[PDB]
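[1] 3D model of this:
(10 chains, ligands or ions: 17)
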Amino acid sequence: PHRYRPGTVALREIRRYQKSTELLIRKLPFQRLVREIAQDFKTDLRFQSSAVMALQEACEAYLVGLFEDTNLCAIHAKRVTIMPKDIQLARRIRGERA
Amino acid sequence: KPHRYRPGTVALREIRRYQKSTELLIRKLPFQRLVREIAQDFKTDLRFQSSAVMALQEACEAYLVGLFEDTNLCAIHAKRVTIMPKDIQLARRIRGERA
Amino acid sequence: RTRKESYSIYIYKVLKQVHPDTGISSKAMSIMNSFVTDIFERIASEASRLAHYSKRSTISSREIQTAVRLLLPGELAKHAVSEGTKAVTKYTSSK
Amino acid sequence: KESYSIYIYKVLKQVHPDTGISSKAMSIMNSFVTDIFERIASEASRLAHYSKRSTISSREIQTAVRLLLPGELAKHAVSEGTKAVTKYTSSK
Amino acid sequence: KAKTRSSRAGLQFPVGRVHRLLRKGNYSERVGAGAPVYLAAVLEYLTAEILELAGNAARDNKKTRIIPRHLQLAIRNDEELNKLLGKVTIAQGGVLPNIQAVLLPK
Amino acid sequence: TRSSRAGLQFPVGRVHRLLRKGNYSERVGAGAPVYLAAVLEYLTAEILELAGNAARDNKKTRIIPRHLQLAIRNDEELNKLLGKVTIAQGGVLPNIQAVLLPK
Amino acid sequence: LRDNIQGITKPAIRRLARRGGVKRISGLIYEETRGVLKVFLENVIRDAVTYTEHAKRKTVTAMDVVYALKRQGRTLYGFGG
Amino acid sequence: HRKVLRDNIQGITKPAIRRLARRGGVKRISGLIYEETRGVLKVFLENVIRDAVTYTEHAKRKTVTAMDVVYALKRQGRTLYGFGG
DNA sequence: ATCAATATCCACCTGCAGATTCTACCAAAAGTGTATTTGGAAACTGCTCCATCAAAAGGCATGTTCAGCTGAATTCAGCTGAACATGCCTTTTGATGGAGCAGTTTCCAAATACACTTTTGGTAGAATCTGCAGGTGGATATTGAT
DNA sequence: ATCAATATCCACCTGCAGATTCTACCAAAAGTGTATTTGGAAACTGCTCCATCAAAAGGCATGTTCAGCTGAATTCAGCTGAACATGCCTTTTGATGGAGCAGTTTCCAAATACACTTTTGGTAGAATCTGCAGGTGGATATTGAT
Ligand SMILES: [Cl-]
Ligand SMILES: [Cl-]
Ligand SMILES: [Cl-]
Ligand SMILES: [Cl-]
Ligand SMILES: [Cl-]
Ligand SMILES: [Mn+2]
Ligand SMILES: [Mn+2]
Ligand SMILES: [Mn+2]
Ligand SMILES: [Mn+2]
Ligand SMILES: [Mn+2]
Ligand SMILES: [Mn+2]
Ligand SMILES: [Mn+2]
Ligand SMILES: [Mn+2]
Ligand SMILES: [Mn+2]
Ligand SMILES: [Mn+2]
Ligand SMILES: [Mn+2]
Ligand SMILES: [Mn+2]
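    Residues are numbered from 1 along each chain as shown, chains lettered A, B, ... in the order given. Ligands and ions are numbered 1, 2, ... in the order given. Right below this line is the structure:
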């Protein structure tokens, strides 16, 4: 029987998802979320397919970027595990929560 | 027998003090020289309005006081209370100045 | 001999309405003047662009209004939108 | 209803004559030209006002370029820009 | 006689001047009659909001003349104005008193 | 045409019309659309050349967004010019902080 | 029964992190990420719909999203910018 | 006719860098901070003076105005109130 | 649980530098009256968009086992804060020469406004090409065990 | 690292569908040719505002000592988060129709741009007015040693 030591598949996945460009959230769950949120601002809205696609592009780029600064923050505290305090600290220095 | 505050105590006084005021904290004439020096290494024979030097200082001090706030958070995040250059580097690397 | 103009006298009027025994230092008045000039420009530019996206030549109070909703954080927006809507109807009901 | 596409492909062909471009890539390039167009035009727009001028001249465009572009990209842009203007004037 | 448009709109801020700044600012070809009025209103509302909060700051520190410190206290201590002006520096305004908890003695 | 007069592929005439109709100023100099068109074309070539190299490096002959992204981020200056721009379908540069590698 | 933010699942949240070079993930990250994502979406959508409403439309267009993203300071290329 | 300017960044003293840290609520300061701070400050100033002077020259002038600095600071995304902004 | 050494505070005072008020000219609102658009309001269409439907295919949720990482506890060398003596140099106050903003005039080179006249760049059907996604079959990497 | 055995990865070839390229044509930009404007670059010059200089004095920067407490280095047990196989279900996706509604067009009524032409509201200094900065000296609070 066989199994990789913890951390090893994690590195394989990093190399994998850094090499590709596919969206990483499933299209439909996200589409629900978008419509759900929109409905609180105006009701009975419709969306161009491209309008939902731009949004997803924007979100995944934003979040992938946020995990970059978060991971830097965890490493600064001499850790290798991101924690919410890392995300909070990155968002305060980006000035989103300052 | 002599008297002395424990280390850290005067530091805290100075924080309360400088947070209560608004005066510039760099000396006026040394800062003016620095400006003239930098400007001139970029274009010669330049002159400056007094308010232009004062505007620059205001901006620079507001920027630096702002940078030390973020720095200080980074030190605390590392379970320290002493700011270090690696903290400033982390602050500037987020924040987009070194990204 | 040349004519600099400012939002001062208006800032001072409004000051007197709100805190009738309070003054304003010249440096503070300068800052206020810089604030009105800034916000004017932010709103006008967004308005300029909205007018364009709709293929319109004109900036209507409607454009100013959408620009206001876009630029201002929500409770500050609502009161501004109201004050604007109110001053405009007040205006039209005259000559 | 119109785009900068045909110019992008023209420029693509001088530079990599055997290279093609995906439609999604062509959008990005078009969004890039539009962006930069608007950045430079706007800074030039303000520059003309600070000097109380009614006209946006190639001078305003270049200062706007020195202000918007990082130091080595600025220099080359200024060159090409000056080069197209003299070549243009010297015609009839 | 002549009635100013400001008075016609119930405003202290100068509607006529705001109209002139709009045409002459390269924002659009033509400018509608209500736009300078709606804009002058908004500017006056915001001005009033900052001056009310700043006046309180002056009075909390026993002065009767508003200075830049007072503008700064009003703006940073109010969450919405703070965000509106979150990337603005106020010359001679200083900072809010704030010392991280972790830094105090036992 | 004015483009050919300036030696340019980019449409000098159109750049002028967009300048007039964009409310940037009352009038527009004869040279400004030329100088701007020149500038747009230069930057366009700079990116397409670098992206063309990115395409060729991965045994591809058609530039896609990944290639535009590899090009822009790997170049210090373009990176700064578009430092607050997101490229749909561009991905990110391969980069793993050292401390995360095995011993 | 289900909630929609929760449709943004752990596997997916793990993948975004991985593109960002993240090696180990505290189990609390996932609910935090949904919170942040929801503020990001709200802030952008709100502006986009304000564009829709101004254009007298009942349909959010890709341009409405692009204009929104631009004034949030997150300019997007590829959708009509 | 002129005097030569040089090493003026050292005019930003340690006392002065300490006060700025204190207004930022900083309690303890590593000894490497002060030269790091001079590094960051000089870049901050070059970038602002460079753009300001580009405004001065475009105005065909020989004198940097407070307004040149304000416009400079604005396109940097550090808007300044108090000097004619 | 105390006193001693300091720092901090709050009030009361007073002349001055900077705010407020007072007056006199001009740029710019306001007033009317033609001369133009333009933003909407209505009536229609082609087109994307929502609603379903219906299988299959992965992709997700669950639970188990254990590795290795995070947080706690202790230790200690040495860095950094507090206090002190010395005296440099910035800050303050005040004039002086003259560079250079800035305010006005003057007048062509350059730009805008028609009026036609041509050319190009978009759009909708026509025709090869590039990768994608699968297939081996050969090394590579990773991990467990003499 | 060797000795061995799962899995991962990388290469070379290959056939195909989805996009990309290539061809075939019309309103609308772009270019021309006139006929006027008009901005703003040149050319005096009235006048702030800058650079400089001098000179005296205290606030503050420098440099040194010395020891408190901080950062860093080590150790270590528990418990969190990774890997992995299982079993179910939500997402994907593929067409099929229908209608909601964006994207164009076509009119005229309402609103905005002009052009002059009186009529004030604001602005720039002069003439006053008045918070508060800077200085005391005394009750109150904070901190640190025994
Ligand atoms: Cl002279
Ligand atoms: Cl053609
Ligand atoms: Cl036709
Ligand atoms: Cl003229
Ligand atoms: Cl005392
Ligand atoms: Mn030099
Ligand atoms: Mn020109
Ligand atoms: Mn164990
Ligand atoms: Mn036809
Ligand atoms: Mn000394
Ligand atoms: Mn010791
Ligand atoms: Mn002892
Ligand atoms: Mn410690
Ligand atoms: Mn040590
Ligand atoms: Mn219906
Ligand atoms: Mn009057
Ligand atoms: Mn006092």
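[2] any idea which residue sits dead centre in chain A?
    residue A:63 (3.3 Å; CA atoms, centre = their mean).
[3] And that residue, how close does it get to residue G:33?
    Look at residue A:63 and residue G:33: by CB to CB, to the nearest Å, they are 7 Å apart. All C-beta atoms are positioned from the backbone trio N, CA, C, and that covers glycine.
[4] Now do the shared contacts for the two.
    residue G:16 (CB atoms under 8 Å, 6 or more residues apart in numbering or on different chains).
[5] Show me where chain E has its strands.
    Here chain E has its strands, by DSSP state E, at E:30-31, E:65-66, E:88-90.
[6] Strands of chain A, start to end?
    Under DSSP E, chain A gives strands at A:46-47, A:81-82.
[7] Can you lay out the ones you listed as TSV showing mean neighbour count and distance to DNA strand J?
    TSV is the format used below for the strands of chain A (neighbours: other CB atoms under 10 Å in any protein chain shown; distance: least, CB to the nearest atom of the strand, whole Å):
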stretch	mean neighbour count	distance to DNA strand J
strand A:46-47	17	6
strand A:81-82	22	6
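[8] Nearest to residue C:79, out of the ones you listed?
    strand A:46-47 (31.3 Å; CB to CB).
[9] Parallel or antiparallel, which strands does that closest one pair with?
    strand G:59-60 (parallel) (DSSP bridges).
[10] For chain E, what lies in contact range of chain A?
    Contact residues, chain E versus chain A (CB under 8 Å from any CB of the partner chain): E:86, E:87.
[11] rewinding a little: out of the strands of chain A, nearest to residue E:41?
    strand A:46-47 (34.2 Å).
[12] which residues are contacting the closest one?
    A:34, A:35, A:38, G:58, G:59, G:60.
[13] do that again at 6 Å, thanks
    G:59, G:60 (CB atoms under 6 Å, 6 or more residues apart in numbering or on different chains).
[14] same deal with stretch G:40-47?
    Here stretch G:40-47 has contacts from A:37, A:38, A:41, A:62, G:68, G:72, using CB under 6 Å, 6+ apart.
[15] same thing but 8 Å
    By CB under 8 Å, 6+ apart, the residues outside stretch G:40-47 that reach it are A:33-34, A:37-38, A:41, A:55, A:58-59, A:62-63, C:70, G:65, G:67-69, G:71-72, G:74.
[16] Go ahead and confirm residue C:71 touches residue C:42.
    Yes - proximity of residue C:71 to residue C:42 meets the contact threshold set by CB atoms under 8 Å, at 5.4 Å.
[17] Quick one: neighbours of residue A:95, just the number.
    Neighbour count of residue A:95, defined by other CB atoms under 10 Å in any protein chain shown: 13.
[18] can you check residue A:1 too?
    The number of residues near residue A:1, taken as other CB under 10 Å, comes to 2.
[19] for it, what are its contacts?
    Applying CB under 8 Å, 6+ apart, no residues contact residue A:1.
[20] quick one: secondary structure of residue C:44?
    helix (DSSP: H, G, I helix; E, B strand; the rest coil).
[21] That one reaches residue E:24, doesn't it?
    No - Residue C:44 sits out of contact with residue E:24 when judged by CB under 8 Å, with a separation of 11.2 Å.
[22] quick one, which of those two is more surrounded?
    Neighbours per residue (other CB under 10 Å) separate residue C:44 from residue E:24, with residue C:44 holding more: 24 against 11.
[23] which one is that one nearest to, not counting chain neighbours?
    Nearest non-adjacent residue to residue C:44, counting by CB to CB, 6 or more residues apart in numbering or on different chains: residue E:27, 5.0 Å away.
[24] Report the contact partners of that neighbour.
    Contacts of residue E:27 (CB under 8 Å, 6+ apart): C:44, C:45, C:47, C:48, C:51, C:59, F:23.
[25] Looking at these, which one is closest to chain H?
    Nearest to chain H among these: residue C:45, at 13.1 Å, using CB to the nearest CB.
[26] what about that closest one, how many neighbours?
    Residue C:45 has 15 nearby residues by other CB under 10 Å.
[27] which non-adjacent residue is nearest it?
    In space, residue C:45 is closest to residue E:27, 7.1 Å off (CB to CB, 6+ apart).
[28] what's the distance between the one you found and residue F:24?
    For residue E:27 relative to residue F:24 (CB to CB), the value is 11 Å.
[29] Any chance you could list what contacts stretch C:87-95?
    C:61, E:3, E:5, E:8-11, E:15, E:33-34, E:37-38, E:40-41.
[30] ok, back up a step: thought the residue nearest to the centre of chain A was touching residue G:16?
    Yes - here residue A:63 lies in contact with residue G:16, judged by CB under 8 Å, at a distance of 4.9 Å.
[31] that older thread, look up phi and psi at the residue nearest to residue C:44.
    phi -110, psi -30 (degrees, to the nearest 10).
[32] in the chain, which helix has the most residues?
    You didn't pick a chain, so chain A it is. The longest helix of chain A (DSSP state H) is helix A:49-76.
[33] my bad, the chain I had in mind was chain E
    Max-length helix for chain E by DSSP H is helix E:35-60.
[34] That helix near DNA strand I at all?
    No - between helix E:35-60 and DNA strand I, judged by CB under 7 Å from any atom of the strand, nothing touches; the nearest distance is 8.7 Å.
[35] in that helix, what's buried?
    Applying a neighbour-count criterion of 16 or more other CB atoms under 10 Å in any protein chain shown, the buried positions in helix E:35-60 are E:35-51, E:53-58.
[36] So is that helix next to DNA strand J?
    Yes - Helix E:35-60 is in contact with DNA strand J by CB under 7 Å from any atom of the strand, via residue E:58.
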